[PDB]
Enquirer: 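A single structure is presented below for examination.
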Amino acid sequence: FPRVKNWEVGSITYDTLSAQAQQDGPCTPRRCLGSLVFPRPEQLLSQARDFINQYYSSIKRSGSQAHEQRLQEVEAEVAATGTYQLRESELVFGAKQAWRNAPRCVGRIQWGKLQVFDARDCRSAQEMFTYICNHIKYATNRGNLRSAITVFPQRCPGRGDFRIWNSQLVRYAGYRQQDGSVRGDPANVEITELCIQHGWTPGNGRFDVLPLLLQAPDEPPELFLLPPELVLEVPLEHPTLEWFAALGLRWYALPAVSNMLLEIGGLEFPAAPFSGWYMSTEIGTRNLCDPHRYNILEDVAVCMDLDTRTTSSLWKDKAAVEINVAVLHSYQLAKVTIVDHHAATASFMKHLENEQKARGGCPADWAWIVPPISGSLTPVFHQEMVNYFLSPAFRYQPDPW
Amino acid sequence: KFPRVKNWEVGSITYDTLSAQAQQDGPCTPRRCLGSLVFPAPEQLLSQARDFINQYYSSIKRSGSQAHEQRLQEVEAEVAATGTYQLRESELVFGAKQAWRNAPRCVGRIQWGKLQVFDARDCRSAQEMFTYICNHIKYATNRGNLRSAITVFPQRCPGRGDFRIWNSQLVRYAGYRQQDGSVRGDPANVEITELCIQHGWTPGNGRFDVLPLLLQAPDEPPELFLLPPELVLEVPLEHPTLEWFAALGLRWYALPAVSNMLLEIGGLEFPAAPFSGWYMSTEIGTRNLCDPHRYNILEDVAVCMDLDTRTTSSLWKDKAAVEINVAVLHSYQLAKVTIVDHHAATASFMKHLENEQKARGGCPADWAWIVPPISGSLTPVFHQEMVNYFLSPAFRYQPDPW
Ligand code: HEM
Ligand code: HEM
Ligand SMILES: Cc1cc(N)nc2cc(-c3ccc(OCc4ccccn4)c(CN)c3)ccc12
Ligand SMILES: Cc1cc(N)nc2cc(-c3ccc(OCc4ccccn4)c(CN)c3)ccc12
Ligand SMILES: C[C@H](O)[C@H](O)[C@H]1CNc2nc(N)[nH]c(=O)c2N1
Ligand SMILES: C[C@H](O)[C@H](O)[C@H]1CNc2nc(N)[nH]c(=O)c2N1
Ligand SMILES: [Cl-]
Ligand SMILES: [Cl-]
Ligand SMILES: [Gd]
Ligand SMILES: [Gd]
Ligand SMILES: [Gd]
Ligand SMILES: [Zn+2]
């Protein structure tokens with residue numbers, strides 16, 4: 001049982017929960033690989049017992065009448081069909097629990113508040129598009145963002161798969177040149193290469209919202225134009241730097257992740273987009289200032305008349321911070337939910353405390369919980385963490401080609 | 001079959017074959033990763049020694065030669081006859097440089113070849129130990145043109161207790177507990193401060209009182225030594241544009257000299273071997289001055305800056321910390337005392353990773369320690385995946401002697 005210390009306060013806890021890790025991680029006694037982003041059939045019933053057992057534990061209902069009962073239909077379902085369907089209440093328990101278990105998510109204090117839309121009866125490409133469009137509208141909710149997940153049918157053998165080819169529902173295009181450089185977003189150049197390679201009209205500039213490539217089983221992806229009034233976006237201005245708005249910067253409201261595989265009770269949903277609300281450092285620090293993203297830090301510093309000729313002026317730092325100020329200011333003005341990294345990390349500490357009493361610990365990926373600016377100014381920096389894999393879970397999955 | 005490692009900023013990919021030589025075992029398993037935790041018989045002595053001699057004869061391009069087999073036999077004989085062995089001076093210098101090179105939490109390892117090694121293995125008392133340390137401080141400080149140095153005291157050996165420096169660094173500020181329960185000066189140093197008084201030191205009562213040295217010679221209680229004040233170079237902190245900042249009366253010292261770690265070379269242990277380089281500005285400006293459990297000045301600075309401290313979304317903490325770091329950089333540059341900013345330091349560490357990949361097939365590195373504690377993703381190390389593992393020679397943590 002690993003001893004975990006908070007160095008700001010001196011408190012000690014033990015992560016007893018780590019004793020239940022399933023799909024093992026990449027670290028060995030001889031080398032740690034925690035900084036890697038991507039770490040390297042009669043047994044469907046094993047991890048299916050597991051989940052049902054977890055479900056009935058929570059609701060004060062382990063070992064009696066109802067718990068005994070639900071254990072049988074699943075074995076009989078898999079004995080008959082080789083797979084099984086989840087009760088609606090289980091699908092919601094599994095959606096939230098998988099969120100609770102996401103080690104890289106700093107927003108887990110919200111894990112109990114989740115809206116689960118059950119698209120397990122989906123049928124075609126036009127079908128998911130309606131399911132996804134209901135999602136965006138509901139999640140966006142005019143800027144009062146509401147966490148949601150839309151769960152499409154569980155994969156079965158012999159036939160294809162529902163899969164959203166976009167990494168997110170809202171993603172900006174990226175346009176090359178004779179010189180390879182990108183107008184727009186370089187994280188979305190490949191998918192842009194496919195979206196054009198499927199009929200779409202590539203726009204002019206930097207913040208063109210990409211269309212959607214949705215994949216009904218076995219058939220080629222169908223493009224789907226997203227209705228403009230569905231895609232809520234925020235123009236970026238600064239509270240005191242009047243020229244910031246003239247830079248023409250924009251970001252979208254809904255962070256809606258559509259490429260991860262939800263796994264509950266041994267079942268696998270390759271299309272299950274979840275969405276919450278942004279933390280501001282995501283947009284301002286990573287999306288706008290990463291050197292392989294919009295990479296605007298130097299342009300903002302020029303406009304602030306900063307001395308970019310020596311690193312010791314901390315011009316990168318000063319410009320980065322005002323970018324984050326502008327992100328927060330703009331979103332709050334447009335009345336769109338956003339959380340600064342100080343507020344977010346302080347809530348995660350409260351979540352860690354809640355999980356200690358609830359489950360005896362919490363899986364947490366230190367490198368992803370500490371924000372990309374001002375890390376030691378947040379409490380999670382001084383908090384030791386244990387990272388392991390619990391089920392149910394969100395997993396990474398290969399790109400569908 | 002070795003870990004693949006990607007740099008996400010550029011798209012680079014390398015494989016860390018060096019990790020396969022990991023001579024000892026860290027804290028993680030495939031069950032759970034503990035990478036974020038701060039703190040994780042002649043036959044084995046001979047096999048460590050053999051690996052090291054092999055390493056040394058590799059460096060001098062003499063692997064497997066006559067002299068090399070000679071040394072393996074000599075070391076085998078001395079362990080048989082005495083249970084231990086003595087390094088040659090040239091092996092000691094190699095060994096110390098290599099322990100630096102292997103240190104996964106050091107961002108300054110581009111410098112690992114430029115290390116002054118002071119052989120104090122003939123040191124006989126606390127009083128001689130103190131003279132050695134004073135010469136270390138004077139050489140490394142060099143009037144603000146800092147030089148990396150290590151002074152290595154006698155190794156652990158059977159029959160005799162250890163040399164130990166009780167202080168965690170050669171230059172530390174006192175931390176006076178109080179009632180009302182708060183700490184005046186540096187709260188990281190309350191324990192060592194109390195021990196100095198209990199061993200006779202007359203305490204001060206300021207916030208920046210340099211501590212005496214508590215020096216332990218084998219099988220002897222520690223002995224207190226005052227540093228000559230003209231040997232301890234300090235930097236008073238001013239901000240280039242916020243002129244009220246000087247009125248805070250903050251100071252920091254020029255020399256960072258870690259004195260409580262254990263140097264391991266070829267199975268030998270040196271429990272007293274202080275080493276020093278020069279500061280990276282974030283250690284002072286961010287950690288030492290802004291950590292809530294250190295001097296904790298952030299809010300008082302942000303109030304003086306007229307920031308809006310009642311809501312977090314104004315990023316008042318970020319803005320005040322950036323200016324504290326600017327003051328640190330400015331003040332050391334003004335005083336002509338070596339300092340590197342986290343941008344320049346992480347850039348040179350990236351060159352170190354390239355040099356090492358070509359030299360050795362990898363580099364052990366602790367991401368959470370290499371990534372600076374402000375402006376993380378603005379530096380290139382943030383976007384570099386890294387493999388953490390333990391190589392020998394090494395600097396190791398050891399328990400406090402009390
Ligand atoms: C409600 C407010 C939420 C906030 C503020 C938030 C914040 C974050 C942040 C900042 C990250 C780091 C990702 C990055 O830096 O690119 C993250 C990762 C993640 N979050 Fe959340 N999140 C929220 C809700 C949710 C919800 C509703 C789910 C799922 C039901 C979720 C599951 C995850 C997962 C699986 C990851 C891992 C992403 C990856 O590994 O690529 N979070 N979250
Ligand atoms: C010359 C310039 C140097 C710079 C800029 C530098 C920088 C740093 C920094 C920023 C850290 C992390 C410290 C912390 O957060 O508390 C560190 C740790 C460390 N450095 Fe270096 N260093 C230098 C020289 C040296 C030398 C000469 C040695 C040994 C011969 C060394 C060995 C270490 C070790 C062992 C650690 C780990 C300390 C620990 O784990 O507690 N460094 N260094
Ligand atoms: C639920 C939620 C709320 C919120 N506010 N932010 C969230 C951010 C992410 C998130 C994490 C990592 C990512 O990158 C993976 C990657 C892919 C390819 C190459 C490199 N890296 C991406 C890029 N799609 C998004 C996920 C969920 C979030
Ligand atoms: C060689 C060099 C150059 C440079 N510029 N900076 C350096 C900083 C450190 C360093 C690392 C960790 C530390 O923490 C230990 C601790 C103990 C107990 C409780 C909490 N923390 C301390 C505190 N003395 C210092 C080491 C070497 C450095
Ligand atoms: C190499 C390194 O692991 C990589 O840059 C990680 C670091 N921490 C991160 N943390 C978050 N939240 N998101 C990220 O994309 C990353 N990237
Ligand atoms: C809990 C956490 O590991 C701890 O606060 C670490 C994080 N990274 C660090 N990085 C450096 N350079 N120095 C430190 O003291 C720490 N502390
Ligand atoms: Cl994003
Ligand atoms: Cl220090
Ligand atoms: Gd101007
Ligand atoms: Gd001024
Ligand atoms: Gd005051
Ligand atoms: Zn690990």
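Letters A, B, ... mirror the listed sequences (proteins, then strands); counts begin at 1. FYI, side chains are in, hydrogens and waters are out, and symmetry mates aren't considered; it's all heavy atoms of this structure.
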Enquirer: Side chain, backbone, both or neither: which part of A:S313 has an atom under 4.5 Å from a heavy atom of chain B?
Expert: backbone

Enquirer: Heavy atoms only, distances under 4.5 angstrom: which of A:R293, A:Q20, A:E322, A:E8 has the most pairs with chain B? Name it, please.
Expert: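 The answer is A:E8.
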
Enquirer: Is the closest side-chain heavy-atom distance between A:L314 and B:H343 below 4.5 Å?
Expert: yes

Enquirer: Please classify the contact between A:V9 and chain B as side chain, backbone, both or neither, with a heavy-atom cut-off of under 4.5 Å.
Expert: neither

Enquirer: Measure A:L36 against the heavy atoms of chain B and call it side chain, backbone, both or neither at under 4.5 Å.
Expert: both

Enquirer: Who among A:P363, A:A343, A:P29 has the most heavy-atom pairs with chain B under 4.5 Å?
Expert: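 Ranked by heavy-atom pairs under 4.5 Å with chain B, first place is A:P29.
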
Enquirer: Which residues pass the side chain to side chain donor-acceptor pair (under 3.5 Å) test with A:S18, not counting sequence neighbours?
Expert: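 Partners of A:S18 under the side chain to side chain donor-acceptor pair (under 3.5 Å) test: A:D15.
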
Enquirer: Please classify the contact between B:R31 and chain A as side chain, backbone, both or neither, with a heavy-atom cut-off of under 4.5 Å.
Expert: both

Enquirer: Side-chain contact test, heavy atoms from C-beta onward, threshold under 4.5 Å: evaluate it for A:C32 versus B:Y389 and give yes or no.
Expert: no

Enquirer: Looking at side-chain heavy atoms only, is the closest gap between A:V386 and B:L34 below 4.5 Å?
Expert: yes

Enquirer: For each of A:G34, A:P103, A:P291, tally heavy-atom pairs with chain B at distances under 4.5 Å, and name the one with the top tally.
Expert: A:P291

Enquirer: Kindly indicate, with the supporting measurements, whether the criterion side chain to side chain donor-acceptor pair (under 3.5 Å) is fulfilled by B:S313 and A:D340.
Expert: CA-CA 6 Å; B:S313 56; A:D340 72 67; 4.9 Å; no

Enquirer: Is the backbone N or O of A:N387 less than 3.5 Å from a side-chain atom of B:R32, with the two atoms forming a donor-acceptor pair by type?
Expert: no

Enquirer: Picking from B:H330, B:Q384, B:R287, B:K6, which has the most non-hydrogen pairs under 4.5 angstrom with chain A?
Expert: B:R287

Enquirer: Can you name the ring pair (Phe, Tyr, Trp, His ring centres under 6.0 Å) partners of B:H383, sequence neighbours left out?
Expert: A:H292

Enquirer: Taking side chain as everything from C-beta outward and backbone as N, CA, C, O, which of these in A:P26 sits under 4.5 Å from a heavy atom of chain B? Side chain, backbone, both or neither.
Expert: neither

Enquirer: What option among B:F390, B:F39, B:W8 has the most heavy-atom pairs under 4.5 Å with chain A?
Expert: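 The answer is B:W8.
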
